[PDB]
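Below are the chains, spelled out letter by letter.
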2 protein chains.
Amino acid sequence: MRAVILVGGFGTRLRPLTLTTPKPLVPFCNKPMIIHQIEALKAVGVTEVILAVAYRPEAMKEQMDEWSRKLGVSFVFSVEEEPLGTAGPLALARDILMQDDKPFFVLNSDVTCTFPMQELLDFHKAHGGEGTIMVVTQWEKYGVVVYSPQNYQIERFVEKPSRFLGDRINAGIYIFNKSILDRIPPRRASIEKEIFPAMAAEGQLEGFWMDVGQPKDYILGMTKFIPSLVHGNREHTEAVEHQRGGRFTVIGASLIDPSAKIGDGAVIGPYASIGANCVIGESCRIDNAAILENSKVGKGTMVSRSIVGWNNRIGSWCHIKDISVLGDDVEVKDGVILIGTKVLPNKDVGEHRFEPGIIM
Amino acid sequence: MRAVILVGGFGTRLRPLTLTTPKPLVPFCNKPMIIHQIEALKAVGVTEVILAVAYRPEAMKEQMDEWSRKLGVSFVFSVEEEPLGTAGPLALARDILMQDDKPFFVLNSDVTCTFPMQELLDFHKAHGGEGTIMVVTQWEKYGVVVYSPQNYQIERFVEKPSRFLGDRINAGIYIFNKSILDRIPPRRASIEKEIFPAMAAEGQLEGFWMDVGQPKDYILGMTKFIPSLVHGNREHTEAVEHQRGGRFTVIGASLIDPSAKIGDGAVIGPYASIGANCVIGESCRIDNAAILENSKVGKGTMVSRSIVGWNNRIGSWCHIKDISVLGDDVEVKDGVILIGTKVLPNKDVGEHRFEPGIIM
Ligand SMILES: Nc1nc2c(ncn2[C@@H]2O[C@H](COP(=O)(O)OP(=O)(O)O[C@H]3O[C@H](CO)[C@@H](O)[C@H](O)[C@@H]3O)[C@@H](O)[C@H]2O)c(=O)[nH]1
Ligand SMILES: Nc1nc2c(ncn2[C@@H]2O[C@H](COP(=O)(O)OP(=O)(O)O[C@H]3O[C@H](CO)[C@@H](O)[C@H](O)[C@@H]3O)[C@@H](O)[C@H]2O)c(=O)[nH]1
Ligand SMILES: [Mg+2]
Ligand SMILES: [Mg+2]
């Protein structure tokens, strides 16, 4: 009946875009990352969502703008505890308890997946079935390796193992009962306070899944996510949008906001997202690239596998390839080639850069 | 009676420190960069200072904290016009006119100098005697080259000449009459609207001067500014502070805030500034380096010619040398050598870096 979407965090990995907005609020395809999770929660039975915001309490205005659909007015913060925010639910143990006794969801704000949120009780084991489902199944470099047998028990929980195998990792979606928030409230920073050794049953994804918190991870998660969205959003059959401006061709599926304008002959490539009010030149190539909002693009650029930030002004014949994240209000001169270079907000690029790097 | 301190600007050059606070509010030696100018204006006969803040209107709380001494309560902003903010005085031309008719000062927020603010009329002409005094006398790469003969006239005004010689550049302190704000109010972005090629005189710095807006410029400006401050601030005779914690030695002049703690045997080098609540290890070497606030330093680091941001935690045996600005809340492990690497806020550094660069 309640959920705790952890939104407090510096977003260091997604830095060029998170210097302006918090990581929950940077759009993934056409909506902020938290908005997908909030919509899934609205689909399942829940009304009030509490947010533990630490990095920037200025997200309140944007949440109020998005407050129309759901009662996500709750906001709590006293002092920076941790981006992981284990004390997050513990620092607000009073609100979750007295209002209701139902189990409460806990989610990361940078996770995208099918979002099952099944109405099935699954009361024999709360987090074992959900989160990392047992047949997640990816590299062990990031995320905690979870060792679960066929009987749905968790024995080992190592946040960043060096080399321990165990391709299974937690999805980032947790469901907890009222005992967890009253179990270990140490009143200070901690890491998820997982005490799975003590218990095996009820004490507490068959689908795509990706931790969308890194630029390359952002691109790959968008690539995995757009095909799964073809069923619901806007259902000319090659992609979601195929005729918005002039006459352009689309290869594969893509998300184009009806407010955007596309030039004559642009080739919106596979798994590309175009934001609101964005303008695309005559013969651009948007190949697995995300255009956030209000960005303008000249005639013939090839933004491929990279991210173009808000209010950008891309030149006429640029080439923004590789994984090169552009910040807010970045202007690129004509003919500039950017390959894997991250540009901080409010910068002008006029020189070529053929190697990965940072532009101050 | 009034002054216009231009404070609206992204501070792209001093980027690692200006991602947290606006460039006017980044401390120069022990006080915010704007506080020196406000103190000079308080010394001269003015009472109200109007600030044209654009980049971050959240400086209001800090200004109110510094408001106790002088009535700098004025704050105006509608939409981003320009970091130069030529429309700044023009956007608030109404307030300046009706209250008073006396000439109003215009100052940059990133300029440090002797700050004459002479009670003399400068009635030969107003900006000319002040600002770039006819004798400024530095490189022509930045700032406008001003061609001033012995009769105090300005003929040419080129913002960024390619190669025009003319070592004289404007200091950045302007004084204007009420006609300038009513002369060209174009209502949009413009560059200083200098129409001096029309008028010779009366229509509108023998000391150190430095445009403190770049890291190397910050260091050099501190090096020039500290010796000139020995006359008035705190008047054991080697530096301003020589006994604050244990027993340490000082080479040359330096500012150490009485709230700081210095270890046994630390060598505070020439022209160094230590912020409030800062802790310095046993055998550190602070050679022409600035420690902003609440930063902690281990035993034996040599921070030389670099800037250490707020709330830092420097390791035990690091080498933060060359021009290497550290952002807010940056933690450096023991033995890490940083040479010319700018670190963005909220980062942990554990690897050596022998070449100039940027750490995300
Ligand atoms: N950096 C950041 N982290 C945030 C933010 N909002 C919430 N967080 C939380 O910060 C935690 C850790 O930071 P991330 O970079 O997002 O996660 P991680 O350290 O890569 O790994 C964590 O997430 C995995 C999910 O893929 C999980 O294995 C587990 O949460 C792990 O600790 C996550 O639980 C996430 O909820 C934000 O704006 N920025
Ligand atoms: N970037 C930035 N600029 C600011 C800020 N606050 C005010 N400004 C104004 O922005 C103008 C230009 O930005 P700067 O980087 O500070 O100056 P500049 O472009 O290096 O050169 C300008 O300053 C010289 C003084 O040395 C002058 O020649 C003249 O102002 C010139 O346009 C200056 O007039 C300064 O007052 C800020 O927070 N950030
Ligand atoms: Mg994450
Ligand atoms: Mg300047």
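Its PDB record attributes the structure to cryo-EM, giving the resolution as 3.5 Å.

Visitor: In this structure, what is going on with the interface of chain B and chain A? I would like to understand it.
Guide: The extent of an interface is frequently quoted as the accessible surface area lost upon association of the parts. In this assembly, twelve residues from chain B lie in contact with eleven residues from chain A. Approximately 1200 Å² of surface area, both sides summed, lies buried where chain B meets chain A, with 67% of it carried by carbon and sulfur atoms. Counting the surface chain B buries against chain A, the share from its top three residues, B:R15, B:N346 and B:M360, is 46%. For the pair chain B and chain A, the interface holds zero salt bridges.

Visitor: How do you make sense of the environment of B:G11 when you look at a structure like this?
Guide: The residue B:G11 is located in the loop between β1 (2-6) and α1 (15-18) in this model. A sequence separation of 16 residues divides B:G11 from B:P27, and the C-alpha atoms of the two residues are 14 Å apart.

Visitor: Hey, could you run me through the coordination of the magnesium ion (ligand 4) in this one?
Guide: Each pair of donors in an ideal octahedron of six around a metal sits at 90 or 180 degrees, and each pair in an ideal tetrahedron of four sits at 109.5 degrees. Within the protein, B:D110 (OD) and B:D211 (OD) serve as the donor atoms for the magnesium ion (ligand 4), at 2.0 to 2.5 Å. Accessibility expressed as a relative area gives 18% for B:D211, which makes it buried.

Visitor: Is there a simple way to think about the site of ligand 1 in this case?
Guide: All names here are of chain A. Taken together, 22 residues sit near ligand 1, with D110, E159, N170, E192 and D211 positioned nearest. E192 places a polar side-chain atom, nitrogen or oxygen, 2.8 Å from an oxygen atom of ligand 1. Between an oxygen atom of ligand 1 and a side-chain N or O atom of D211, the distance comes to 2.9 Å. Classifying every residue of the shell around ligand 1 by side-chain character gives nine nonpolar, seven polar and six charged.

Visitor: How should the domain arrangement of chain A be read in this particular structure?
Guide: Residues and elements named next belong to chain A. According to the domain assignment, chain A contains domain 1 (2-228) and domain 2 (229-358). Between the C-alpha centres of domain 1 and domain 2 the distance comes to 30 Å. Facing 21 residues of domain 1, the contacting portion of domain 2 comprises 32 residues. Across the domain 1 to domain 2 interface the summed buried area is about 2100 Å²; carbon plus sulfur atoms make up 73%. Our count for the domain 1 to domain 2 interface comes out at six residue pairs in polar contact. Among the elements of the structure, α1 (15-18) and α8 (215-228) are those that each provide at least two residues to the side of domain 1 that touches domain 2.

Visitor: Explain the coordination of the magnesium ion (ligand 3) to me, please; I cannot follow it from the model alone.
Guide: Residue and element names in this part refer to chain A. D110 (OD), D211 (OD) and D211 (OD) make up the full set of protein donors to the magnesium ion (ligand 3), lying at 2.0 to 2.8 Å. Owing to a relative accessible area of 9%, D110 belongs among the buried residues under this scheme. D211 sits in the partly exposed class, given a relative accessible area of 25%.

Visitor: In this structure, what is going on with the UniProt feature "binding site: GTP" (unreviewed entry) in chain A? I would like to understand it.
Guide: Residue and element names in this part refer to chain A. As recorded in UniProt, the feature "binding site: GTP" (unreviewed entry) lies at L6, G11, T12, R13, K23, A52 and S109. As for its placement among the helices and strands, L6 is situated in strand β1 (residues 2-6). When neighbours within four sequence positions are excluded, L6 is seen to be in contact with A52, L84, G85, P89, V106, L107, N108 and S109. Note on placement: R13 falls in the loop between β1 and α1. The contacts of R13, once residues within four sequence positions are left out, are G213, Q214, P215 and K342.

Cut-offs applied
Residues numbered from 1 in each chain as written, not as in the entry; some residues may be left out. Chains lettered and ligands numbered in written order. Part of a larger assembly, values for the part shown. Heavy atoms only, no water. Contact = heavy atoms within 4.5 Å. Buried area = accessible area lost by both parts, 1.4 Å probe. Salt bridge = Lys/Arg side-chain N within 4 Å of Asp/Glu carboxyl O. Helix = DSSP H or I, 4+ residues; strand = E, 2+ residues; numbered from the N terminus. Donors = N, O, S within 2.8 Å, 3.2 Å for Na, K, Ca; no water. Buried < 20%, exposed > 50% of the residue type's maximum accessible area, 1.4 Å probe, protein only. Near = heavy atom within 4 Å. Polar contact = N/O pair within 3.5 Å; in protein donor to acceptor, adjacent residues only side chain to side chain. Nonpolar A, V, L, I, M, F, W, Y, C, P; charged D, E, K, R; others polar. Domains from an automatic or database assignment. UniProt positions renumbered as here; feature names shortened; annotations may be inferred.

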